[PDB]
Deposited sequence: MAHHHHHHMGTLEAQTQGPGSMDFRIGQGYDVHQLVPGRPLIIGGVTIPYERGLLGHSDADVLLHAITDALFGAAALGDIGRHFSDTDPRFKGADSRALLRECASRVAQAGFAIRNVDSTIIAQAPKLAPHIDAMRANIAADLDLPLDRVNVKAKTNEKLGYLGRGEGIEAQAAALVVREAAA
């Protein structure tokens, strides 16, 4: 039937003085992401991918509240435009800290916010092999892909 794809990108600076929150999970680290609220780079990328699949513009056009509430509101808008979410996949690029321990928590948060079965939500983690601002630990990036169907 009427499938659509969306894609998302986000990046925030990594500096001392803020908590590190990614996919709704507070992760221990000497530094944190700089941004408007929680600065949750993963949730922002996913939100963008969903708005994009629905052809509803982008996160800034809707939301001029933490990133989970934003994600839930995004999902309601996608629903009203006539779309059902089929799956989400994503990558976090961070040289440090280790994210693997926290992946299931992020997945659970995202699945809850999107009203999706856990097996339709995935989060992957990558380093930048010490290259660039990412590899020097100066920022963290997230990428997201979402598939939806008009129902």
Deposited positions without coordinates, collected into consecutive stretches in sequence order = 1 to 21, 86 to 93, 181 to 183
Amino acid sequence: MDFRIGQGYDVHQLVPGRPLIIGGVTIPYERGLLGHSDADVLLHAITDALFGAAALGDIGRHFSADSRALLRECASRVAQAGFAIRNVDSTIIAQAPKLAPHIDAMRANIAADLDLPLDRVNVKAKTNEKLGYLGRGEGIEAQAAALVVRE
From here on, numbers count along this sequence of modelled residues.
Higher-B stretch (mean Cα B-factor, as the entry records it), 84 to 92 or 30 to 38 | 30 to 38
Mean B factor on CA atoms, stretches 112 to 120 and 65 to 73, record says higher is 65 to 73
Have a look at 131, 22, 11, 15 and flag the one whose Cα has the highest B-factor in the entry.
-> 15
